[PDB]
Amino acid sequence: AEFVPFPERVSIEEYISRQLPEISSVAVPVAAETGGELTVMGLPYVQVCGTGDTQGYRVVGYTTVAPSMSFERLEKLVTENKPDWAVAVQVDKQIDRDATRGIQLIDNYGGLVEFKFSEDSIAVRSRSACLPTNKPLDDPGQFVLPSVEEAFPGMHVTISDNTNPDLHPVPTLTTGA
């Protein structure tokens, strides 16, 4: 309702540069509370958004996965560890078809960070609000995205075996370096 309107938001490039690493940090407590590490499930990407003169770009961040915890304990964690930029904490009223239940962290732009509970794991995904730019539209691949080093400053990349010993091992994040 009182989200910062589109024109007054920072540019997609400014957001990638300065907000995205802050946003990515909120996954860390989820891995810390487990007593372990995040697995990198997905890489970040940009996509087109908006319509007319409010056309711009949106940034989906890294998707990271921590081991599971009871939903009640996750809501406790997310709420108690709530960052300043988060204007609201939304909790899904029910588990959906896939046996997943979400908690959303809403920023002042109307953008989003989602903790997806499931019995197997907890996925942390980000999806910014639509952002303006002086750059060409309909070309989301033009924008450089931060390395996982930059997105998770206090962490360093390691590689662990896949939980199911099939396919490639997976990239993991652990604290330090």
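Start at 1 with the first residue shown and count on from there.
- Mean CA B-factor, 48 to 56 versus 29 to 37: the higher value falls on 29 to 37.
- According to the PDB record, 167 to 175 carries the higher mean C-alpha B-factor of the two stretches 167 to 175 and 4 to 12.
- Of the candidates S126, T64, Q142, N134, the one whose C-alpha carries the top B factor in the deposited record is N134.
- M155 sits in the highest third of its chain by CA B factor, as recorded in the PDB entry.
- Ranked against the other modelled residues of its chain, the C-alpha B-factor of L77 as given in the entry falls in the highest third.
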